[PDB]
Each structure stands twice: as structure tokens, then as C-alpha cells.
């Protein structure tokens, strides 16, 4: 029927976690790229964006805005949000930790040059002493293949996506965390995820200086 339609600019940004989740669920989607501020304004004027911002996803008759709203709906619709509220609580706690670290890395390129060095150092420190030990500890606690309920959930998907970004940053960071390395492997081999990691998929590359300045002009940041 109507495949979900993602509205954003041709880049990772705040739309990438959604592309990863849909793909891992095996859902085909279409993207409608915003190429100019004129494109954004038309969406605004047609009353498509509740808060005049993107990401925006057309799905099940709704024009959903706000990253967490979009991700929560999709995760629930495809049974990737756990089996009950206690499982959702563990999932939420884990993925909000992932969102904090992920945001830091996302904004690194937009960080003021005189601060870049400090920021990068703080991030690596947090990765090694706060975030990775926390997730490695969860996996060691139950010895299971998945983070929550011994079954695949959005938590494993979001985590593995973040592990790829950390690798791009510094591949040595994951060294002292074997369980995390193991999970990265298992999840990457699931048919849906393997197809998404392969050349030619909707997966997006890191942002280049040239494309980054047009984005900044359109969105103002």
C-alpha cells in the first residue's frame, strides 16, 4: 500500500535512526528530499509540519513530526518496543543513553572550531568511561544475545547504529568491549540489517563541508 514517506534533507541528521529502524523491520520506504529553503517553506505553507520543522514522516494517514514520536510509533507498530511496560522501561532507559551520546557525535561537525578539540576529547572519555561500560555490563549480566527480553528490539538496532558512528570516530574505542563487538556482528548479519549495510541502500554517508553549509543555510544552525 502506501509505503512510509520520509521528508528530510539528503543526509543523516535526525532522520538516520528512522531509516535504520524501518530497514531493520523490513519496511520499504520512500524519501522526499528537501533541496532548498523553498522546499521547506512549501511544506510549512501546506500545513504539513506541526512545529515548522523536519523530520516529518507520512505514515498511516498521519503527518508525524518529532524524532521520538516517529520512532516510538514505528517501534510499536513493528513489535520492536518490548512485550510490556517494564520491558519498555528498560528499552527507554537504554536508548535515551544512546540518544545523548549520539547527539554529541551528530553535532561535532557543527561545533565551533575553537572548541572542537575539547569536545572530541570529552566524547571519547564519555564513550570509554560512561556509555560503553554501561552497555557491556547489561550484556554480561544476562549473557543473552539481545539487550532486552532475549529477543530483537529497537534497543539493539539503535545501539549497533551508534557503534558504527563511534567506529568512524575512532575504531580503537570498542577494543576493550568484546560483548559489544559481538553484538555489532550478530545484528549486522540479520538479513534486513545486512541489506541496509550493503552498497546502494538508503543508508546515508557522513556530511561533507559543502553539503553541510547548504543545510546550515536552509535550517539555520
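Residue numbers count along the first chain shown, from 1.
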Per the entry, higher mean C-alpha B factor between 91 to 99 and 77 to 85: 77 to 85
Mean temperature factor over C-alpha atoms, higher-scoring stretch between 108 to 116 and 135 to 143: 108 to 116
Given 153, 188, 45, 66, the residue at which the Cα B factor reaches its maximum: 45
Third of the chain, ranked by Cα B-factor, where residue 206 sits: highest
Where the record places residue 159 (Cα B-factor, split into thirds across the chain): lowest
Cα B factor band for residue 173 (lowest, middle or highest third within the chain): highest
Chain third (lowest, middle, highest) by recorded CA B-factor, residue given as residue 54: lowest
Position of residue 21 among the chain's modelled residues by C-alpha B-factor, lowest, middle or highest third: lowest
